[PDB]
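Text of run-v3.cif (mmCIF, N, CA and C atoms) as supplied:
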data_structure
#
loop_
_atom_site.group_PDB
_atom_site.id
_atom_site.type_symbol
_atom_site.label_atom_id
_atom_site.label_comp_id
_atom_site.auth_asym_id
_atom_site.auth_seq_id
_atom_site.Cartn_x
_atom_site.Cartn_y
_atom_site.Cartn_z
ATOM 1 N N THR W 1 23.903 33.226 -73.844
ATOM 2 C CA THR W 1 24.866 34.113 -74.468
ATOM 3 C C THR W 1 25.251 33.567 -75.838
ATOM 4 N N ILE W 2 26.332 34.111 -76.397
ATOM 5 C CA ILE W 2 26.913 33.560 -77.612
ATOM 6 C C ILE W 2 27.501 32.180 -77.336
ATOM 7 N N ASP W 3 27.985 31.951 -76.119
ATOM 8 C CA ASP W 3 28.599 30.683 -75.756
ATOM 9 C C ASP W 3 27.620 29.679 -75.165
ATOM 10 N N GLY W 4 26.343 30.017 -75.070
ATOM 11 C CA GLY W 4 25.373 29.134 -74.468
ATOM 12 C C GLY W 4 25.191 29.284 -72.975
ATOM 13 N N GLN W 5 25.940 30.172 -72.328
ATOM 14 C CA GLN W 5 25.685 30.332 -70.907
ATOM 15 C C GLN W 5 24.524 31.289 -70.687
ATOM 16 N N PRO W 6 23.655 31.008 -69.719
ATOM 17 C CA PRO W 6 22.442 31.815 -69.564
ATOM 18 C C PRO W 6 22.725 33.173 -68.952
ATOM 19 N N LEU W 7 21.969 34.166 -69.414
ATOM 20 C CA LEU W 7 22.053 35.509 -68.861
ATOM 21 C C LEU W 7 21.440 35.592 -67.474
ATOM 22 N N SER W 8 20.224 35.084 -67.316
ATOM 23 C CA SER W 8 19.510 35.151 -66.050
ATOM 24 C C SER W 8 20.030 34.066 -65.117
ATOM 25 N N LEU W 9 20.351 34.452 -63.886
ATOM 26 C CA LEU W 9 20.903 33.518 -62.919
ATOM 27 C C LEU W 9 19.825 32.565 -62.411
ATOM 28 N N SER W 10 20.277 31.523 -61.722
ATOM 29 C CA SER W 10 19.404 30.439 -61.305
ATOM 30 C C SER W 10 18.722 30.758 -59.977
ATOM 31 N N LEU W 11 17.636 30.036 -59.717
ATOM 32 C CA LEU W 11 16.963 30.094 -58.429
ATOM 33 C C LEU W 11 17.693 29.215 -57.420
ATOM 34 N N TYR W 12 17.849 29.730 -56.202
ATOM 35 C CA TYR W 12 18.443 28.982 -55.097
ATOM 36 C C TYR W 12 17.331 28.688 -54.098
ATOM 37 N N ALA W 13 16.887 27.435 -54.070
ATOM 38 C CA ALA W 13 15.868 27.023 -53.125
ATOM 39 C C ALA W 13 16.456 26.924 -51.719
ATOM 40 N N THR W 14 15.618 27.207 -50.737
ATOM 41 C CA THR W 14 16.042 27.176 -49.345
ATOM 42 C C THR W 14 16.047 25.739 -48.839
ATOM 43 N N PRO W 15 17.137 25.277 -48.212
ATOM 44 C CA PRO W 15 17.130 23.928 -47.629
ATOM 45 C C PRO W 15 16.250 23.848 -46.394
ATOM 46 N N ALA W 16 15.874 22.636 -46.002
ATOM 47 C CA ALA W 16 15.015 22.468 -44.839
ATOM 48 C C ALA W 16 15.817 22.638 -43.557
ATOM 49 N N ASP W 17 15.199 23.278 -42.570
ATOM 50 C CA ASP W 17 15.860 23.496 -41.297
ATOM 51 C C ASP W 17 15.919 22.192 -40.503
ATOM 52 N N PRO W 18 16.955 22.007 -39.684
ATOM 53 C CA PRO W 18 16.995 20.832 -38.800
ATOM 54 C C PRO W 18 15.930 20.946 -37.719
ATOM 55 N N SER W 19 15.094 19.917 -37.616
ATOM 56 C CA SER W 19 14.016 19.909 -36.643
ATOM 57 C C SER W 19 14.566 19.711 -35.234
ATOM 58 N N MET W 20 13.731 20.019 -34.251
ATOM 59 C CA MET W 20 14.076 19.830 -32.853
ATOM 60 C C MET W 20 13.444 18.538 -32.365
ATOM 61 N N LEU W 21 14.269 17.645 -31.837
ATOM 62 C CA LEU W 21 13.789 16.349 -31.389
ATOM 63 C C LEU W 21 13.055 16.492 -30.064
ATOM 64 N N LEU W 22 11.976 15.734 -29.913
ATOM 65 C CA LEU W 22 11.148 15.786 -28.719
ATOM 66 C C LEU W 22 11.070 14.411 -28.080
ATOM 67 N N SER W 23 11.057 14.391 -26.754
ATOM 68 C CA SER W 23 10.850 13.173 -25.993
ATOM 69 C C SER W 23 9.743 13.431 -24.989
ATOM 70 N N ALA W 24 9.339 12.376 -24.293
ATOM 71 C CA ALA W 24 8.282 12.483 -23.303
ATOM 72 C C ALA W 24 8.431 11.350 -22.305
ATOM 73 N N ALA W 25 7.904 11.561 -21.109
ATOM 74 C CA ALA W 25 7.873 10.526 -20.083
ATOM 75 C C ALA W 25 6.410 10.234 -19.788
ATOM 76 N N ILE W 26 5.882 9.190 -20.426
ATOM 77 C CA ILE W 26 4.556 8.721 -20.069
ATOM 78 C C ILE W 26 4.622 8.074 -18.694
ATOM 79 N N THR W 27 3.520 8.145 -17.966
ATOM 80 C CA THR W 27 3.489 7.695 -16.588
ATOM 81 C C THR W 27 2.401 6.650 -16.414
ATOM 82 N N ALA W 28 2.554 5.836 -15.378
ATOM 83 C CA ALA W 28 1.603 4.783 -15.072
ATOM 84 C C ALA W 28 0.931 5.094 -13.744
ATOM 85 N N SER W 29 -0.085 4.304 -13.414
ATOM 86 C CA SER W 29 -0.799 4.466 -12.155
ATOM 87 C C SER W 29 -1.355 3.118 -11.731
ATOM 88 N N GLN W 30 -0.626 2.420 -10.873
ATOM 89 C CA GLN W 30 -1.068 1.146 -10.334
ATOM 90 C C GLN W 30 -1.825 1.381 -9.037
ATOM 91 N N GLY W 31 -2.586 0.377 -8.620
ATOM 92 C CA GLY W 31 -3.374 0.474 -7.413
ATOM 93 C C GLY W 31 -2.519 0.484 -6.159
ATOM 94 N N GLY W 32 -3.142 0.921 -5.072
ATOM 95 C CA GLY W 32 -2.458 0.958 -3.801
ATOM 96 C C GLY W 32 -2.570 -0.352 -3.046
ATOM 97 N N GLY W 33 -1.904 -0.396 -1.897
ATOM 98 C CA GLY W 33 -1.976 -1.575 -1.055
ATOM 99 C C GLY W 33 -3.249 -1.587 -0.225
ATOM 100 N N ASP W 34 -4.006 -2.673 -0.350
ATOM 101 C CA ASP W 34 -5.235 -2.816 0.418
ATOM 102 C C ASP W 34 -4.979 -3.613 1.688
ATOM 103 N N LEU W 35 -5.759 -3.325 2.719
ATOM 104 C CA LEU W 35 -5.461 -3.854 4.042
ATOM 105 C C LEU W 35 -5.922 -5.302 4.161
ATOM 106 N N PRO W 36 -5.079 -6.200 4.675
ATOM 107 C CA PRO W 36 -5.490 -7.598 4.864
ATOM 108 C C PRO W 36 -6.427 -7.789 6.045
ATOM 109 N N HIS W 37 -6.683 -9.041 6.405
ATOM 110 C CA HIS W 37 -7.549 -9.353 7.531
ATOM 111 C C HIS W 37 -6.745 -9.371 8.823
ATOM 112 N N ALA W 38 -7.281 -8.727 9.858
ATOM 113 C CA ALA W 38 -6.589 -8.621 11.135
ATOM 114 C C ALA W 38 -6.876 -9.824 12.021
ATOM 115 N N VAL W 39 -5.830 -10.328 12.670
ATOM 116 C CA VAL W 39 -5.923 -11.455 13.591
ATOM 117 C C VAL W 39 -5.568 -10.952 14.981
ATOM 118 N N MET W 40 -6.267 -11.445 15.986
ATOM 119 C CA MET W 40 -5.972 -11.032 17.352
ATOM 120 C C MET W 40 -4.906 -11.940 17.955
ATOM 121 N N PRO W 41 -3.810 -11.391 18.459
ATOM 122 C CA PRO W 41 -2.758 -12.212 19.058
ATOM 123 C C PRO W 41 -3.001 -12.404 20.550
ATOM 124 N N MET W 42 -2.053 -13.083 21.194
ATOM 125 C CA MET W 42 -2.173 -13.437 22.601
ATOM 126 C C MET W 42 -1.454 -12.487 23.540
ATOM 127 N N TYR W 43 -0.597 -11.617 23.030
ATOM 128 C CA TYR W 43 0.190 -10.768 23.907
ATOM 129 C C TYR W 43 -0.497 -9.432 24.130
ATOM 130 N N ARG W 44 -0.004 -8.705 25.123
ATOM 131 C CA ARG W 44 -0.578 -7.417 25.447
ATOM 132 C C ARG W 44 -0.056 -6.349 24.495
ATOM 133 N N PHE W 45 -0.535 -5.128 24.727
ATOM 134 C CA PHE W 45 -0.243 -4.031 23.812
ATOM 135 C C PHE W 45 1.224 -3.617 23.737
ATOM 136 N N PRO W 46 2.000 -3.476 24.829
ATOM 137 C CA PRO W 46 3.416 -3.122 24.627
ATOM 138 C C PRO W 46 4.230 -4.220 23.974
ATOM 139 N N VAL W 47 3.877 -5.485 24.190
ATOM 140 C CA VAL W 47 4.610 -6.582 23.565
ATOM 141 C C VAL W 47 4.352 -6.610 22.064
ATOM 142 N N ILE W 48 3.075 -6.530 21.672
ATOM 143 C CA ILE W 48 2.767 -6.515 20.250
ATOM 144 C C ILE W 48 3.227 -5.213 19.605
ATOM 145 N N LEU B 1 10.511 8.200 29.520
ATOM 146 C CA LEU B 1 11.720 8.694 28.887
ATOM 147 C C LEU B 1 12.179 7.752 27.793
ATOM 148 N N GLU B 2 11.987 6.449 27.990
ATOM 149 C CA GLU B 2 12.339 5.490 26.953
ATOM 150 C C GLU B 2 11.430 5.636 25.741
ATOM 151 N N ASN B 3 10.132 5.854 25.976
ATOM 152 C CA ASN B 3 9.213 6.082 24.859
ATOM 153 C C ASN B 3 9.531 7.381 24.122
ATOM 154 N N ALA B 4 9.862 8.437 24.871
ATOM 155 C CA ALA B 4 10.193 9.711 24.249
ATOM 156 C C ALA B 4 11.497 9.641 23.468
ATOM 157 N N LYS B 5 12.505 8.950 24.003
ATOM 158 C CA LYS B 5 13.764 8.792 23.286
ATOM 159 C C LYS B 5 13.582 7.948 22.033
ATOM 160 N N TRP B 6 12.669 6.971 22.081
ATOM 161 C CA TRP B 6 12.310 6.215 20.885
ATOM 162 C C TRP B 6 11.742 7.119 19.800
ATOM 163 N N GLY B 7 10.747 7.933 20.163
ATOM 164 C CA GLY B 7 10.114 8.799 19.179
ATOM 165 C C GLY B 7 11.062 9.838 18.614
ATOM 166 N N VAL B 8 11.942 10.371 19.458
ATOM 167 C CA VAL B 8 12.865 11.395 18.991
ATOM 168 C C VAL B 8 13.973 10.784 18.128
ATOM 169 N N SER B 9 14.384 9.540 18.402
ATOM 170 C CA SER B 9 15.341 8.875 17.520
ATOM 171 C C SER B 9 14.732 8.590 16.156
ATOM 172 N N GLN B 10 13.455 8.194 16.136
ATOM 173 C CA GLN B 10 12.772 8.009 14.860
ATOM 174 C C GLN B 10 12.641 9.320 14.098
ATOM 175 N N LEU B 11 12.425 10.421 14.814
ATOM 176 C CA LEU B 11 12.342 11.721 14.161
ATOM 177 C C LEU B 11 13.687 12.154 13.591
ATOM 178 N N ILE B 12 14.780 11.831 14.287
ATOM 179 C CA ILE B 12 16.120 12.111 13.771
ATOM 180 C C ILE B 12 16.353 11.349 12.476
ATOM 181 N N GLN B 13 15.922 10.085 12.447
ATOM 182 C CA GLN B 13 16.034 9.279 11.235
ATOM 183 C C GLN B 13 15.223 9.872 10.089
ATOM 184 N N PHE B 14 14.023 10.371 10.390
ATOM 185 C CA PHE B 14 13.176 10.925 9.334
ATOM 186 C C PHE B 14 13.725 12.243 8.807
ATOM 187 N N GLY B 15 14.305 13.066 9.682
ATOM 188 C CA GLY B 15 14.902 14.313 9.225
ATOM 189 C C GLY B 15 16.128 14.094 8.360
ATOM 190 N N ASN B 16 16.957 13.112 8.729
ATOM 191 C CA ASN B 16 18.100 12.745 7.897
ATOM 192 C C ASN B 16 17.653 12.230 6.531
ATOM 193 N N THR B 17 16.600 11.408 6.511
ATOM 194 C CA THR B 17 16.098 10.873 5.251
ATOM 195 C C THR B 17 15.494 11.966 4.379
ATOM 196 N N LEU B 18 14.812 12.933 4.999
ATOM 197 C CA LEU B 18 14.233 14.045 4.255
ATOM 198 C C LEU B 18 15.312 14.922 3.640
ATOM 199 N N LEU B 19 16.407 15.135 4.379
ATOM 200 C CA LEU B 19 17.551 15.871 3.847
ATOM 201 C C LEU B 19 18.152 15.172 2.635
ATOM 202 N N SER B 20 18.342 13.854 2.735
ATOM 203 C CA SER B 20 18.912 13.111 1.617
ATOM 204 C C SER B 20 17.992 13.142 0.405
ATOM 205 N N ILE B 21 16.682 13.086 0.642
ATOM 206 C CA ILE B 21 15.729 13.095 -0.459
ATOM 207 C C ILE B 21 15.717 14.446 -1.161
ATOM 208 N N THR B 22 15.747 15.545 -0.400
ATOM 209 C CA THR B 22 15.679 16.840 -1.070
ATOM 210 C C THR B 22 16.984 17.179 -1.786
ATOM 211 N N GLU B 23 18.131 16.695 -1.295
ATOM 212 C CA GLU B 23 19.343 16.981 -2.057
ATOM 213 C C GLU B 23 19.451 16.106 -3.306
ATOM 214 N N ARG B 24 18.937 14.868 -3.258
ATOM 215 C CA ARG B 24 18.858 14.076 -4.482
ATOM 216 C C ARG B 24 17.901 14.693 -5.491
ATOM 217 N N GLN B 25 16.796 15.268 -5.010
ATOM 218 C CA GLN B 25 15.836 15.930 -5.888
ATOM 219 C C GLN B 25 16.463 17.124 -6.592
ATOM 220 N N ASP B 26 17.236 17.919 -5.847
ATOM 221 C CA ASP B 26 17.881 19.082 -6.445
ATOM 222 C C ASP B 26 18.946 18.692 -7.463
ATOM 223 N N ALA B 27 19.745 17.660 -7.166
ATOM 224 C CA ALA B 27 20.743 17.209 -8.134
ATOM 225 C C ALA B 27 20.092 16.651 -9.396
ATOM 226 N N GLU B 28 18.962 15.955 -9.240
ATOM 227 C CA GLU B 28 18.267 15.405 -10.397
ATOM 228 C C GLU B 28 17.683 16.495 -11.285
ATOM 229 N N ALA B 29 17.083 17.525 -10.680
ATOM 230 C CA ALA B 29 16.538 18.621 -11.475
ATOM 231 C C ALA B 29 17.642 19.399 -12.178
ATOM 232 N N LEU B 30 18.805 19.524 -11.526
ATOM 233 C CA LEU B 30 19.954 20.166 -12.157
ATOM 234 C C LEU B 30 20.417 19.406 -13.393
ATOM 235 N N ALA B 31 20.524 18.076 -13.286
ATOM 236 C CA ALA B 31 20.959 17.273 -14.428
ATOM 237 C C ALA B 31 19.954 17.336 -15.573
ATOM 238 N N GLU B 32 18.659 17.374 -15.243
ATOM 239 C CA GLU B 32 17.634 17.486 -16.277
ATOM 240 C C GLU B 32 17.721 18.817 -17.018
ATOM 241 N N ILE B 33 17.905 19.916 -16.279
ATOM 242 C CA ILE B 33 17.985 21.221 -16.932
ATOM 243 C C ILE B 33 19.266 21.333 -17.762
ATOM 244 N N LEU B 34 20.333 20.631 -17.345
ATOM 245 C CA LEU B 34 21.571 20.619 -18.119
ATOM 246 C C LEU B 34 21.386 19.892 -19.440
ATOM 247 N N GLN B 35 20.670 18.764 -19.419
ATOM 248 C CA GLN B 35 20.429 18.027 -20.657
ATOM 249 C C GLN B 35 19.544 18.811 -21.620
ATOM 250 N N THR B 36 18.566 19.558 -21.089
ATOM 251 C CA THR B 36 17.712 20.367 -21.962
ATOM 252 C C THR B 36 18.501 21.464 -22.669
ATOM 253 N N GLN B 37 19.310 22.216 -21.918
ATOM 254 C CA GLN B 37 20.051 23.275 -22.592
ATOM 255 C C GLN B 37 21.184 22.742 -23.465
ATOM 256 N N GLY B 38 21.721 21.558 -23.158
ATOM 257 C CA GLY B 38 22.643 20.917 -24.079
ATOM 258 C C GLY B 38 21.996 20.525 -25.393
ATOM 259 N N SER B 39 20.732 20.087 -25.346
ATOM 260 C CA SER B 39 20.005 19.790 -26.577
ATOM 261 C C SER B 39 19.803 21.044 -27.421
ATOM 262 N N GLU B 40 19.469 22.162 -26.767
ATOM 263 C CA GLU B 40 19.278 23.407 -27.512
ATOM 264 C C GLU B 40 20.579 23.890 -28.153
ATOM 265 N N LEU B 41 21.693 23.782 -27.421
ATOM 266 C CA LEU B 41 22.983 24.163 -27.988
ATOM 267 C C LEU B 41 23.395 23.256 -29.138
ATOM 268 N N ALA B 42 23.029 21.972 -29.081
ATOM 269 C CA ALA B 42 23.330 21.071 -30.191
ATOM 270 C C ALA B 42 22.574 21.469 -31.451
ATOM 271 N N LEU B 43 21.304 21.861 -31.291
ATOM 272 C CA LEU B 43 20.529 22.367 -32.426
ATOM 273 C C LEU B 43 21.170 23.613 -33.034
ATOM 274 N N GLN B 44 21.587 24.550 -32.179
ATOM 275 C CA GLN B 44 22.216 25.775 -32.670
ATOM 276 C C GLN B 44 23.549 25.498 -33.366
ATOM 277 N N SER B 45 24.300 24.505 -32.889
ATOM 278 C CA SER B 45 25.570 24.178 -33.524
ATOM 279 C C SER B 45 25.378 23.543 -34.896
ATOM 280 N N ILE B 46 24.331 22.728 -35.060
ATOM 281 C CA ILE B 46 24.013 22.196 -36.387
ATOM 282 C C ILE B 46 23.641 23.325 -37.344
ATOM 283 N N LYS B 47 22.862 24.293 -36.849
ATOM 284 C CA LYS B 47 22.495 25.440 -37.673
ATOM 285 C C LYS B 47 23.708 26.287 -38.052
ATOM 286 N N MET B 48 24.752 26.276 -37.224
ATOM 287 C CA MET B 48 25.991 26.968 -37.583
ATOM 288 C C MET B 48 26.794 26.206 -38.636
ATOM 289 N N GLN B 49 26.820 24.875 -38.526
ATOM 290 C CA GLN B 49 27.562 24.066 -39.491
ATOM 291 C C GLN B 49 26.962 24.161 -40.889
#
Would you mind giving the structure from this file in C-alpha cells?
Amino acid sequence: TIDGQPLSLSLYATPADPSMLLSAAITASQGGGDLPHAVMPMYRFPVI
Amino acid sequence: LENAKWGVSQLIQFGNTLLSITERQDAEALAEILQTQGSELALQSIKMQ
C-alpha cells in the first residue's frame, strides 16, 4: 500500500497432525519339558 | 468309592480353577479394550486443543 502493508494476504500452511502411537507385544517360544529316564521302584502300583 | 471320591474331588478342583481362569481372562480383556479406547480419546482431545 502507501504505508508499505501488502495488499495480497499471506499463505497459511497447514500444521502437522498429531500421530497415533503404536505398541506391540512380541512373543517368545521356548522348548517344552522332555521326559527323563524312568527308574523302577520297589513298591506296588497303589503305593507308587 | 474312595477312588471315585478322589476323582470327583479333583474334578471339583479343576472346575473351580477353570472358573477363576475364565473370569481373570474376561477382566484382562476388559482392561485392554479400555486402554485402547482411552488412547483414541487422548488423540481426539489433542486434536481439539
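The residues returned by the PyMOL selection byres ((chain W) within 8 of (chain B)) for this structure are residues 17, 18, 19, 20 and 21 of chain W.
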Response to the item:
One decimal place gives the atom C of residue B:37-atom CA of residue W:23 separation as 14.3 Å
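One distance worth recording is that between atom CA of residue W:29 and atom C of residue B:14, which is 26.7 Å.
From atom C of residue B:19 back to atom C of residue W:24, the distance works out to 27.0 Å.
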Generate N, CA, C and O atoms for stretch 1-24 of chain B and emit them as a PDB file, in the frame of the given file.
ATOM      1  N   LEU B   1      10.511   8.200  29.520  1.00  0.00           N
ATOM      2  CA  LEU B   1      11.720   8.694  28.887  1.00  0.00           C
ATOM      3  C   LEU B   1      12.179   7.752  27.793  1.00  0.00           C
ATOM      4  O   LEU B   1      12.685   8.199  26.762  1.00  0.00           O
ATOM      5  N   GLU B   2      11.987   6.449  27.990  1.00  0.00           N
ATOM      6  CA  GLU B   2      12.339   5.490  26.953  1.00  0.00           C
ATOM      7  C   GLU B   2      11.430   5.636  25.741  1.00  0.00           C
ATOM      8  O   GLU B   2      11.901   5.593  24.596  1.00  0.00           O
ATOM      9  N   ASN B   3      10.132   5.854  25.976  1.00  0.00           N
ATOM     10  CA  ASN B   3       9.213   6.082  24.859  1.00  0.00           C
ATOM     11  C   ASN B   3       9.531   7.381  24.122  1.00  0.00           C
ATOM     12  O   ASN B   3       9.506   7.431  22.881  1.00  0.00           O
ATOM     13  N   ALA B   4       9.862   8.437  24.871  1.00  0.00           N
ATOM     14  CA  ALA B   4      10.193   9.711  24.249  1.00  0.00           C
ATOM     15  C   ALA B   4      11.497   9.641  23.468  1.00  0.00           C
ATOM     16  O   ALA B   4      11.580  10.193  22.367  1.00  0.00           O
ATOM     17  N   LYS B   5      12.505   8.950  24.003  1.00  0.00           N
ATOM     18  CA  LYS B   5      13.764   8.792  23.286  1.00  0.00           C
ATOM     19  C   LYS B   5      13.582   7.948  22.033  1.00  0.00           C
ATOM     20  O   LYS B   5      14.235   8.205  21.014  1.00  0.00           O
ATOM     21  N   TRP B   6      12.669   6.971  22.081  1.00  0.00           N
ATOM     22  CA  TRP B   6      12.310   6.215  20.885  1.00  0.00           C
ATOM     23  C   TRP B   6      11.742   7.119  19.800  1.00  0.00           C
ATOM     24  O   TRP B   6      12.193   7.083  18.644  1.00  0.00           O
ATOM     25  N   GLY B   7      10.747   7.933  20.163  1.00  0.00           N
ATOM     26  CA  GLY B   7      10.114   8.799  19.179  1.00  0.00           C
ATOM     27  C   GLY B   7      11.062   9.838  18.614  1.00  0.00           C
ATOM     28  O   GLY B   7      11.051  10.121  17.411  1.00  0.00           O
ATOM     29  N   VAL B   8      11.942  10.371  19.458  1.00  0.00           N
ATOM     30  CA  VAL B   8      12.865  11.395  18.991  1.00  0.00           C
ATOM     31  C   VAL B   8      13.973  10.784  18.128  1.00  0.00           C
ATOM     32  O   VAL B   8      14.414  11.409  17.154  1.00  0.00           O
ATOM     33  N   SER B   9      14.384   9.540  18.402  1.00  0.00           N
ATOM     34  CA  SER B   9      15.341   8.875  17.520  1.00  0.00           C
ATOM     35  C   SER B   9      14.732   8.590  16.156  1.00  0.00           C
ATOM     36  O   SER B   9      15.398   8.751  15.118  1.00  0.00           O
ATOM     37  N   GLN B  10      13.455   8.194  16.136  1.00  0.00           N
ATOM     38  CA  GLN B  10      12.772   8.009  14.860  1.00  0.00           C
ATOM     39  C   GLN B  10      12.641   9.320  14.098  1.00  0.00           C
ATOM     40  O   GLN B  10      12.773   9.339  12.867  1.00  0.00           O
ATOM     41  N   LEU B  11      12.425  10.421  14.814  1.00  0.00           N
ATOM     42  CA  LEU B  11      12.342  11.721  14.161  1.00  0.00           C
ATOM     43  C   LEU B  11      13.687  12.154  13.591  1.00  0.00           C
ATOM     44  O   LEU B  11      13.736  12.805  12.540  1.00  0.00           O
ATOM     45  N   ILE B  12      14.780  11.831  14.287  1.00  0.00           N
ATOM     46  CA  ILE B  12      16.120  12.111  13.771  1.00  0.00           C
ATOM     47  C   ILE B  12      16.353  11.349  12.476  1.00  0.00           C
ATOM     48  O   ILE B  12      16.877  11.901  11.491  1.00  0.00           O
ATOM     49  N   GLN B  13      15.922  10.085  12.447  1.00  0.00           N
ATOM     50  CA  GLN B  13      16.034   9.279  11.235  1.00  0.00           C
ATOM     51  C   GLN B  13      15.223   9.872  10.089  1.00  0.00           C
ATOM     52  O   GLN B  13      15.695   9.927   8.944  1.00  0.00           O
ATOM     53  N   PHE B  14      14.023  10.371  10.390  1.00  0.00           N
ATOM     54  CA  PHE B  14      13.176  10.925   9.334  1.00  0.00           C
ATOM     55  C   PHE B  14      13.725  12.243   8.807  1.00  0.00           C
ATOM     56  O   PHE B  14      13.635  12.516   7.606  1.00  0.00           O
ATOM     57  N   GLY B  15      14.305  13.066   9.682  1.00  0.00           N
ATOM     58  CA  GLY B  15      14.902  14.313   9.225  1.00  0.00           C
ATOM     59  C   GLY B  15      16.128  14.094   8.360  1.00  0.00           C
ATOM     60  O   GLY B  15      16.318  14.782   7.349  1.00  0.00           O
ATOM     61  N   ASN B  16      16.957  13.112   8.729  1.00  0.00           N
ATOM     62  CA  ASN B  16      18.100  12.745   7.897  1.00  0.00           C
ATOM     63  C   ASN B  16      17.653  12.230   6.531  1.00  0.00           C
ATOM     64  O   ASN B  16      18.232  12.598   5.494  1.00  0.00           O
ATOM     65  N   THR B  17      16.600  11.408   6.511  1.00  0.00           N
ATOM     66  CA  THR B  17      16.098  10.873   5.251  1.00  0.00           C
ATOM     67  C   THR B  17      15.494  11.966   4.379  1.00  0.00           C
ATOM     68  O   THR B  17      15.668  11.955   3.155  1.00  0.00           O
ATOM     69  N   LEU B  18      14.812  12.933   4.999  1.00  0.00           N
ATOM     70  CA  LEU B  18      14.233  14.045   4.255  1.00  0.00           C
ATOM     71  C   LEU B  18      15.312  14.922   3.640  1.00  0.00           C
ATOM     72  O   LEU B  18      15.168  15.387   2.501  1.00  0.00           O
ATOM     73  N   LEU B  19      16.407  15.135   4.379  1.00  0.00           N
ATOM     74  CA  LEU B  19      17.551  15.871   3.847  1.00  0.00           C
ATOM     75  C   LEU B  19      18.152  15.172   2.635  1.00  0.00           C
ATOM     76  O   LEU B  19      18.446  15.818   1.615  1.00  0.00           O
ATOM     77  N   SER B  20      18.342  13.854   2.735  1.00  0.00           N
ATOM     78  CA  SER B  20      18.912  13.111   1.617  1.00  0.00           C
ATOM     79  C   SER B  20      17.992  13.142   0.405  1.00  0.00           C
ATOM     80  O   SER B  20      18.459  13.281  -0.734  1.00  0.00           O
ATOM     81  N   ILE B  21      16.682  13.086   0.642  1.00  0.00           N
ATOM     82  CA  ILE B  21      15.729  13.095  -0.459  1.00  0.00           C
ATOM     83  C   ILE B  21      15.717  14.446  -1.161  1.00  0.00           C
ATOM     84  O   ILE B  21      15.728  14.510  -2.399  1.00  0.00           O
ATOM     85  N   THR B  22      15.747  15.545  -0.400  1.00  0.00           N
ATOM     86  CA  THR B  22      15.679  16.840  -1.070  1.00  0.00           C
ATOM     87  C   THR B  22      16.984  17.179  -1.786  1.00  0.00           C
ATOM     88  O   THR B  22      16.946  17.814  -2.852  1.00  0.00           O
ATOM     89  N   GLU B  23      18.131  16.695  -1.295  1.00  0.00           N
ATOM     90  CA  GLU B  23      19.343  16.981  -2.057  1.00  0.00           C
ATOM     91  C   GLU B  23      19.451  16.106  -3.306  1.00  0.00           C
ATOM     92  O   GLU B  23      19.950  16.578  -4.341  1.00  0.00           O
ATOM     93  N   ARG B  24      18.937  14.868  -3.258  1.00  0.00           N
ATOM     94  CA  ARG B  24      18.858  14.076  -4.482  1.00  0.00           C
ATOM     95  C   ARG B  24      17.901  14.693  -5.491  1.00  0.00           C
ATOM     96  O   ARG B  24      18.178  14.666  -6.698  1.00  0.00           O
TER      97      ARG B  24
END
